[PDB]
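Same protein, same chain, two forms; see structure 1 and structure 2 below, as C-alpha cells.
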Structure 1
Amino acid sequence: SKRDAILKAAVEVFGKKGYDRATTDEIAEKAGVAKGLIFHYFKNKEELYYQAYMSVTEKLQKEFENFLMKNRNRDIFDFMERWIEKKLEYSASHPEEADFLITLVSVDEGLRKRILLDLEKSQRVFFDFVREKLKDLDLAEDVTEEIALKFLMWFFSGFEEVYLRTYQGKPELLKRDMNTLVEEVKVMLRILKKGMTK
C-alpha cells in the first residue's frame, strides 16, 4: 500500500537526515509516489513523523508483549537481559529503524514532548512489571525496592544513549560488536543481581 511505502520511506529518510533536515519531497521520491500524495495521507510533516514513530513503536510493543507472555516466569535480571538481547538483535537487523527512533531527541520540542508522553504510556507499564518482579525477590540488606527499581531502570534506559553515542549511522560497527555487547550485558546484570539480592 502507498501509505506503508510512505511510512517506510519516512523511517529511512528521517533516520538518515534527522527530523529538521528531512523533507516530505525527499520521502515521496524515496517511496516512489507523487509529492502531494504525502498530504493526502498525512496532514503535515509533523504528523508524518508521528505516525511513522507510532507505527514502529507499536510493532515493537507487540513483540515485547509476545516476549513477555513467554518469559514472564524468569526472574527479572534474566528477563531484562533477554529483552535487551532482542533489542540489540532488532537494531542490528533493522539499523534504519533504530536510526529512526533515536532522531526523537532532535525533533522539535512540541512534537517531541507529545511523542515522549505517548511512549511513557508503555514505559510506566514495564516499570510496574519490574516493580512487581522485584517483590518476588529477597532483596539484600539496605537494597530497598525504590533503589533496586531506580537503578535497574537507569541501567535499562542507557540503551538509547549508548546507541546515539556509538552506533547511530554505523550499522557495520554494531554488527561487529553485537555479540560482545550481549556478553557484557549479561555480566552487568549478573553483577546487579548478585549485589541486589540476598
Structure 2
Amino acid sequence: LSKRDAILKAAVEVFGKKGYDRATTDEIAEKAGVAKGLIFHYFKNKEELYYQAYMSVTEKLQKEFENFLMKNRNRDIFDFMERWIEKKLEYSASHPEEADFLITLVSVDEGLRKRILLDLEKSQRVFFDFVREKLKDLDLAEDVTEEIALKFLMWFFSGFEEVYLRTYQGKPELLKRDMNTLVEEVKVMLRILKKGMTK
C-alpha cells in the first residue's frame, strides 16, 4: 500500500474502535507501521485525517453503487431498489470495520461534522436522479405525481436508515441473526411501494 493508503486504512480502524475524541494520530501511526511524523506529512491534522478517511470510505460505497447500477440498470425501478437494499445490507454485514467507522460521525466536533454531512448528500445523488428518471417509465396511480412518488421514497428510506442505525449500530451479530428476516421484510415492503404507487 502507498503510505497515504496505509494511514487511511489504519485511521478507519482506530477511529472505529476508539471513536473520534479518544483516537490519537500516534495510535494510527503505530497501526499503519509508520513514523509518527509521517501522519503530518500527508495530513494537516486529526480533523483532516478523519475527513479524508470518511471520504475514502464514502467513495468506496459510491463505487459499489456504480457497479450495481451498471449491472441492474434495465430492471423495473422497484425490483432495482429492492436488490440494492439487499446488496447494501450484505455490504454492511461484510465490512464491519467500515460500518463501525461511519457511525462515529455523530460524535465528531461540530465544525467537522457540519462540513461533512453534505458530502454524503452529494454522494447519494446518482441514486435519486436514477429513481427520478425511472419513475417516468411507470403508469403511476391516480393522484401520484412523479414529485410525490420521489418524496415518498426519500422519506421512507430516511426512516428505514434511521431505524436500521438505531437497531444495529455496534451489533454485528444481531444483524447476522436478523438478516434473513430483514430481507424477507424488505421484499414485501418494496411490493407495497410498487402496488401503492402504480395503477
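Basically, rigid core = biggest C-alpha set you can superpose within 1.5 Å across the two forms. Residue positions are counted from 1 along structure 1's sequence.
Discussion item. Please find the hinge residue among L149, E58, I76, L164, where one rigid part turns relative to the other between the two structures.
Written reply: The hinge residue here is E58.
Fill in: Swing of the smaller rigid portion against the larger one between the two structures, to the nearest whole degree
Value for the rigid-body rotation reads 12 degrees.
Worksheet item: Following alignment on the rigid core, what Cα displacement (Å) is computed for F159 between the two structures?
Response: Between its two positions, the C-alpha of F159 lies 4.0 Å apart after core fitting.
Worksheet item: So, with the core fitted, how far does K35 move at its Cα between the two structures, in angstrom?
Response: For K35, the alpha-carbon shift amounts to 3.6 Å.
Practice prompt. Superpose on the rigid core and then read off how far the CA of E81 has moved between the two structures, in Å.
Written response: Its C-alpha moves by 0.8 Å once the cores are overlaid.
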